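Have a look at the structure below before the remarks.
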Amino acid sequence: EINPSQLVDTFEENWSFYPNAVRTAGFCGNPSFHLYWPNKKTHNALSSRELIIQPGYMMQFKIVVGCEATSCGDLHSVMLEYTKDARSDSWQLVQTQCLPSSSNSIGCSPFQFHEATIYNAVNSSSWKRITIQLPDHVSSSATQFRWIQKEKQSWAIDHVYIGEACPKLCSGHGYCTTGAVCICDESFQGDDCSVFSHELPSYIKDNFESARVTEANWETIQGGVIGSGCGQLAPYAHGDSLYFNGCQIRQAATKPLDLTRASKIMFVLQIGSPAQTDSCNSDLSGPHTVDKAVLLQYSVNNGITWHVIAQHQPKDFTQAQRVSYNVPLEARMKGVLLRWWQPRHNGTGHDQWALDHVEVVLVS
Ligand SMILES: *[C@@H]1O[C@H](CO)[C@@H](O[C@@H]2O[C@H](CO)[C@@H](O[C@@H]3O[C@H](CO[C@H]4O[C@H](CO)[C@@H](O)[C@H](O[C@H]5O[C@H](CO)[C@@H](O)[C@H](O)[C@@H]5O)[C@@H]4O)[C@@H](O)[C@H](O[C@H]4O[C@H](CO)[C@@H](O)[C@H](O)[C@@H]4O)[C@@H]3O)[C@H](O)[C@H]2NC(C)=O)[C@H](O)[C@H]1NC(C)=O
Ligand SMILES: *[C@@H]1O[C@H](CO)[C@@H](O[C@@H]2O[C@H](CO)[C@@H](O[C@@H]3O[C@H](CO[C@H]4O[C@H](CO)[C@@H](O)[C@H](O)[C@@H]4O)[C@@H](O)[C@H](O)[C@@H]3O)[C@H](O)[C@H]2NC(C)=O)[C@H](O)[C@H]1NC(C)=O
Ligand SMILES: [Ca+2]
Ligand SMILES: [Ca+2]
């Protein structure tokens, strides 16, 4: 007598309206059946049925926006929204931006900084799997979600799951299926898919003096290259730094590490320059200075949630400094990710930063 409480579709009555959508396969590296919107007179979108949803539900899907495109273009954002009565066209984003500058609103928790649920060619140029512990304001007796792109960019969706949160959201190494059970990815096991079958590195060392060691050490490096834009990083460091001048997302996130024996995280950081050069500058007058800080974060779920170890405001790092932090107990586990990230910035030529002497002591 009530609407369904789950929706699983790897690709009939699950989906309400899907303008311009086409059910195909083999787009941009996905061999499975998925639905695609081509680049080819309406807002193309994909909506769902009305769903009863309760606090503690999750949403997980696979998405592409612009296959193999250069990121610096704003292009056409795919927004993931929710609604509670379709008759009134009251649609709101599933997750809103939660930055250090923003107040703690409905979506935003104190220090759990995340992004919004809009997806662009910058982010999903490759098939990415997004997992969200959806906020409690989404829950209702008949909630509908939709992906809308309000001359267009292609985009695609596959393996959608909306329903009860299964243990630990499958730990970011597995997918949730019918009945709130977790089917793990390759080489991961357990009821929550947290246990890695193989072993992981004990500690990471990187002075960025050889491109091969850095290519082995890091999983994602976005918006920055091995260079010397802010100069030789410090009195504390030398040579080529990881220097972030690139447009859009500026990020350096390690491969999975084993931090059970990790003691402290040390590095040398600079944000801007005393010279305030075009290669390396910082806006200390703007009110959004907190968003232009370099956040050090850790993740135990392979990227679903990041927790702050330290924040580095640009006012305190005009001259590069060496810093050391204790690895929190919650982060002293197997399969931990470390990340250096700039939340906001003004594109190339603005708000640059450099990183060097990445050292995990991991020793008595
Ligand atoms: C980096 O990137 C950011 C974003 O693009 C730049 O920030 C922009 O700076 C310019 C100034 O160079 C701002 O223009 C001014 O806007 C005010 C009115 O602002 C009000 O209304 C805006 C929408 O209409 C709104 O965005 C504003 O809110 C911003 O600022 C408040 C705090 O002030 C903050 O709470 C918000 O979150 C936003 O950050 C605000 O509500 C206007 O009065 C100004 O006009 C004067 O100056 C111009 C010439 O400069 C002149 O022609 C006018 O007659 C008048 O004298 C001016 O237009 C712009 O709003 C900013 N945008 C954002 C999104 O913040 C930043 O400058 C870039 N560079 C650097 C180095 O940081
Ligand atoms: C990559 O993925 C990101 C998320 O994973 C995508 O992020 C979103 O990108 C769009 C731009 O394409 C941004 O949209 C703008 O955001 C501002 C902020 O809204 C403010 O409004 C109220 C005013 O009352 C204020 O209180 C809020 O705190 C906000 O500050 C909007 O006003 C604009 O209309 C516009 O929507 C998103 O902000 C941004 N999300 C995040 C988390 O930053 C992103 O698009 C993808 N691609 C790229 C290139 O980054
Ligand atoms: Ca599929
Ligand atoms: Ca170096």
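Under the authors' numbering, read the sequence shown as residues 3053 to 3063, 3071 to 3099, 3103 to 3212, 3217 to 3430, first letter to last. All residues carry an ideal CB built from backbone N, CA and C; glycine is no exception.
If you measure from each residue's Cβ to the nearest non-hydrogen atom of ligand 6, which ones come out under 5 Å, in chain order?
-> No copy of ligand 6 occurs in the structure displayed; its ligands are ligand 1, ligand 2, ligand 3 and ligand 4 alone.
Who pairs with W3189 in a beta bridge, going by DSSP?
-> For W3189, which the question treats as bridged, DSSP gives no partner whatsoever.
Could you tell me whether the Cβ atoms of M3141 and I3210 are closer together than 8 Å?
-> yes
For residue 3102, count neighbouring Cβ atoms within 10 angstroms of its own Cβ and tell me buried if that reaches 16, exposed if not.
-> As shown, the structure holds no coordinates for residue 3102; the chain passes over it, running from 3099 to 3103.
Where does the unbroken beta strand (DSSP E) through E3425 begin, and where does it stop?
-> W3419 to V3426
In chain order, what residues of the same chain have a beta carbon less than 6 Å from the beta carbon of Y3227, not counting five sequence neighbours either side?
-> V3060, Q3122 and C3242
Would the beta-carbon of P3409 fall within 8 Å of that of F3175?
-> yes
Kindly indicate which three-state DSSP category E3143 falls into: helix, strand or coil?
-> Residue state, collapsed to three classes: strand.
Any heavy atom of ligand 1 closer than 7 Å to the CB of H3373?
-> no
Going straight from the alpha carbon of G3413 to that of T3355, what length do you get?
-> 14 Å
Could you give the uninterrupted runs of the alpha helix (DSSP H) lying entirely in the stretch 3353-3399, keeping only those of 4 residues or more?
-> none
Three-state secondary structure assigned by DSSP to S3133 = The DSSP-derived three-state label of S3133 is coil.
Got a sec: does ligand 4 put a non-hydrogen atom nearer than 7 Å to the Cβ of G3305?
-> yes
Along the chain, where does the beta strand (DSSP E) that runs through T3083 open and close?
-> Where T3083 is concerned, the enclosing beta strand (DSSP E) stretches over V3081 to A3084.
Could you name the residues of the same chain whose beta carbon sits closer than 6 Å to that of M3332, not counting the 5 residues immediately before and after it, in chain order?
-> Result list for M3332: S3390 and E3425, in chain order.
To the nearest angstrom, report how far apart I3194 and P3301 are at their CA atoms.
-> Between the alpha carbons of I3194 and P3301 lies a distance of about 42 Å.
Is it buried or exposed for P3172, if we count other Cβ within 10 angstroms and need 16 for buried?
-> exposed
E3230 (DSSP reduced to helix, strand or coil) = strand
Any non-hydrogen atom of ligand 4 within 7 Å of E3072 CB = no
beta-carbon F3274 near ligand 4 non-hydrogen atom, thresh 7 Å = Checking the Cβ of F3274 against ligand 4 gives yes.
Give, in chain order, every unbroken run of the beta strand (DSSP E) that is at least 3 residues long and sits entirely within the stretch 3282-3332.
-> Whole beta strand (DSSP E) segments, 3+ residues: 3284-3288, 3291-3293, 3307-3310 and 3316-3320.
Compare the beta carbon distance of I3115 and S3202 with 8 Å and say whether it is the shorter of the two.
-> yes
Roughly how many angstroms lie between the CA atoms of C3232 and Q3298, to the nearest whole one?
-> 48 Å
Indicate, with yes or no, if ligand 1 has a heavy atom lying under 7 Å from the CB of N3412.
-> With a cutoff of 7 Å, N3412 counts as near ligand 1, since its C-beta is closer than that to a heavy atom of the ligand.
Nearest-angstrom Cβ-Cβ length linking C3313 and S3139, presumed shorter than 8 Å | The pair is not a contact, with the Cβ atoms about 16 Å apart (cut-off 8 Å).
Just the C-alpha distance for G3415 and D3422, rounded to the nearest angstrom, thanks.
-> Going from the Cα of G3415 to the Cα of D3422 covers about 20 Å.
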